[PDB]
Amino acid sequence: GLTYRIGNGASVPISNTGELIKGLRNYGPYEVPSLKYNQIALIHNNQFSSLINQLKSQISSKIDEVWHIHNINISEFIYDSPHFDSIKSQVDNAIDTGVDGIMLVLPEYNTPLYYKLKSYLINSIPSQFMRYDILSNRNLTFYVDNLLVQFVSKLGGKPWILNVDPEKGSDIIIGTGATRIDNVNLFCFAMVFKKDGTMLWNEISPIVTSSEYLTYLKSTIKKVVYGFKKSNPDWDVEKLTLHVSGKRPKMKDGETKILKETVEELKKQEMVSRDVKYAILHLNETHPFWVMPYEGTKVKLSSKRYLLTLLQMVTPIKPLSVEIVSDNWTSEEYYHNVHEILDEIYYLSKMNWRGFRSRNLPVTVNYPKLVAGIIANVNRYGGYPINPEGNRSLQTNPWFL
Amino acid sequence: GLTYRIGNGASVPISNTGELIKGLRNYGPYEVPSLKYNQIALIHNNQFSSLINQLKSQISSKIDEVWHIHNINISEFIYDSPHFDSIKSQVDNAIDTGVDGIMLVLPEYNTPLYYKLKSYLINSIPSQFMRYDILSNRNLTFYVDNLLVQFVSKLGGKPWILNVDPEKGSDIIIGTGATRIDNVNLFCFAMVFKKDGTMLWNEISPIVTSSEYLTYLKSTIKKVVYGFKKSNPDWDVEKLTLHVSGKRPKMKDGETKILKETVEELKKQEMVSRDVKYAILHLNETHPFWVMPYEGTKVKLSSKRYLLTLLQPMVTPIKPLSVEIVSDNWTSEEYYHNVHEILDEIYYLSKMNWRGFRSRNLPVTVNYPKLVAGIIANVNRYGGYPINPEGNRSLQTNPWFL
DNA sequence: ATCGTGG
DNA sequence: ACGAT
DNA sequence: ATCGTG
DNA sequence: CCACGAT
Ligand SMILES: C[As](C)(=O)[O-]
Ligand SMILES: C[As](C)(=O)[O-]
Ligand SMILES: [Cl-]
Ligand SMILES: [K+]
Ligand SMILES: [Mg+2]
Ligand SMILES: [Mg+2]
Ligand SMILES: [Mg+2]
């Protein structure tokens, strides 16, 4: 009987898109974003196109009636050529007029141009890309519907959160680890989440080589907890869970030792409670299968190894492996704490803000994968480096959606 | 709603021992064995034992009331010394009086003595061994109940069969493969089953080295099909399934190639239909897990690999069975239809176990070969009388290994 | 070797 | 070692 | 790059 | 890389 909390104290069942959208119309999102300009720019090269005009009308009406963001104006900016220089001029024109976000329509598939512009925008202002070639042969309403879930989130809104019991679960969950972007290079990440699935803070390392992995893992985690604790000084962390994921160097014994060391150092500096109870978990997507009745099903493979059959004639299953690699739990509370962390992981698999029907995979694993896609391709095609440190908007918003 | 067919047209639901025993009392087993002497021998070491006396009276009453084998006489033979020669003398005395089967009580868990005597009795007469030191007033009822399931079966009875749709599944299923008895030596096996779970014929190769595996795999399958077809001349086989199991040499591509050749040779010889539709399957027990609803669940891992979540009968244990289709001549149009049928068939066969009342929840085409392998390996280890069913219609057609 | 687990 | 109908 | 599964 | 679907 799990539900999403949306606006005005209302709650709606999970797994029901139609009831969610209707819920949003009646009660609004959990948090409407507070804008500075009440202005979005739409940037395209199809000035008097009838479909740009229908796009804009659906966006304008849905922002108001579904997302309850009232009195928004959409200004258009036209670029003459679909080249970086020409598009960047309109982007810069829009920014200097004062806009809260940019909706950027590209004409065709162009990976280098996309990653160059996306990395520029990430460093500048919340943004949402669109492809005009795909838009044409597409049902517009489903297009704009899902599009605005992530754009409103990038603007700082909170579409919905999970209703969870404040007596149960982790005070915070840190999704951490690293992801390879090629055979030698990787970056480390650390993301602090509330048990209701909301991202509180994120940090990423520079792109480094696998030999630098453990050094930057500890430093990225210390960075994220320092940043989180500076902005939530009165947040008491007495129960802490780490979700470690990502295709990363296979140094499991060394990694667990450095993670355990990090927690005790954070405990040294009173970043977490005096006797914080913690567990370090490895989360791994495994081979999908199809059942030829499983929602919330937990499978025990061994004393420290579990599997969650996450649902997405036939029932496709995306199983998630969960291994408890370390914990300071007593043996009396152990099984109870196991049930809580596996429940928590299942709850977090309901919390992705990429659209209304997102992939059901824990946000602690999926959001770092979205970050990896951007970082990998910006390094591959030469865009602007993305540096969250020092930039509160990047540290506190889901810029990666 | 799967059910077992027992006697007089009656059927009882699976997974309920109480109703199955009551069903047998009311209606009899699916087939009562046809005995030659109406006599069985009980051979033991404790003439004045109250437990032996209660054992003999429970066997007598339940053979009559549960299994509907009426008017059987149970003669007794006492051996003095608990050693091979003395016991074998009483076995030989009992065989010479004219008996249908021997029930043999041994003093304790003496493994060399057991396998030497059991290999002798397998080569002679249906038999059921018991341990004197394990009998107890508390367990005697359960003891005799299950003991008789396998003994009636070894006498040629059919306790129960699976109620299955005659239009679905395989005409015959051949359980085959090999089992290593040590790092070098193995034996091959081939068993023919009806889709209702009954075993029709079984053959095993001699113990051979792993280098001889593919040769003897082919010859053993041909022997069991020649045997089935000689004794079921009109059994049309239009749909054939092979269940390949056992800890055996790593030769998957060559093994598959030989198994296909074997089927093609049996078609040429008109042992199966020249247009037989068949599949070769690898059945593998994998690591159990526990769900923290799954009865008969089929899991697809790819177009060729499947998993059956068989229940092991807070935390509920699962004993999954990997099923890989390594070869088939199915049309793409009928493929997934056929996949559903062979996976359901494997589930149904996991409900067939004539070892006792409780289902083993492992397909009979895997489990009966594991039982044979236990005997063959230990009889070689402890130097018993070698067992080979060839030329012995009794070993070929009866589940001597239970 | 009543049969199966669980240890 | 236990429990099973 | 609406986001997903095949 | 495309085909089709979602409220
Ligand atoms: C910062 As750049 C677009 O020159 O890689
Ligand atoms: C058990 As022997 C040596 O009589 O074959
Ligand atoms: Cl007693
Ligand atoms: K005895
Ligand atoms: Mg996006
Ligand atoms: Mg022999
Ligand atoms: Mg037996």
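Note that these values count all heavy atoms, side chains included, but never hydrogens, waters or copies made by symmetry. Residue numbering restarts at 1 for every chain, and letters A, B, ... go by the order of the sequence lines.
When side chains are defined from C-beta on, A:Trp399 counts as touching A:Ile374, because their heavy atoms get closer than 4.5 Å.
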*Quick one: what's the B/S/- string for nucleotides 1-6 of chain E, heavy-atom cutoff under 4.0 Å, read 5' to 3'?*
BBBSSS

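At distances below 3.5 Å, at least one donor-acceptor pair connects side-chain atoms of B:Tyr306 with backbone N or O atoms of B:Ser303. Checking side-chain atoms of B:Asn16 against main-chain N and O of B:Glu19 turns up a donor-acceptor pair under 3.5 Å.
Counted by atom type alone, B:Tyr336 and B:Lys300 present one or more donor-acceptor pairs between their side chains at under 3.5 Å.
Atom P of F:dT7 sits at a distance of 16 Å from the matching atom of E:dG6, rounded to the whole Å.
Straight-line distance from the NZ atom of A:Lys22 to the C1' atom of F:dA6: 18 Å, rounded to whole Å. At whole-Å resolution of the value, CG in B:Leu311 and P in C:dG4 are 17 Å apart. Between B:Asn137 atom CG and D:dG3 atom P there is a gap of 17 Å when expressed in whole angstrom units. The separation between B:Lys370 atom NZ and C:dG4 atom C1' is 14 Å, rounded to whole Å.
For B:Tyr115 and B:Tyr120, the distance between ring centers is not under 6.0 angstrom. Two rings, from B:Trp160 and B:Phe357, have their centers less than 6.0 Å apart.
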*Which dot-bracket string describes DNA chain C (Watson-Crick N1-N3 plus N6-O4 or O6-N4, or G-U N1-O2 and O6-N3, all under 3.5 Å; [ ] crossing; | other strand)?*
.||||..

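To the nearest 0.5 Å, atoms CE (B:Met352) and CD1 (B:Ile14) are separated by 10.0 Å. B:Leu121 contributes atom CG, which lies 14.0 Å from atom NZ of B:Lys116 (distance to the nearest 0.5 angstrom).
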*Apply side-chain hydrogen bond (donor to acceptor under 3.5 Å, both in side chains) to B:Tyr79 and B:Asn45, showing your working.*
CA-CA 5 Å; B:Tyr79 57 88; B:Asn45 197 28; 4.7 Å; no

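Within 4.0 Å (heavy atoms only), B:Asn139 reaches at least one base atom of the nucleic acid. Looking at heavy-atom distances under 4.0 Å, B:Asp145 makes contact with a base.
Sugar pucker of E:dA1 is south, as judged by a negative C1'-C2'-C3'-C4' dihedral.
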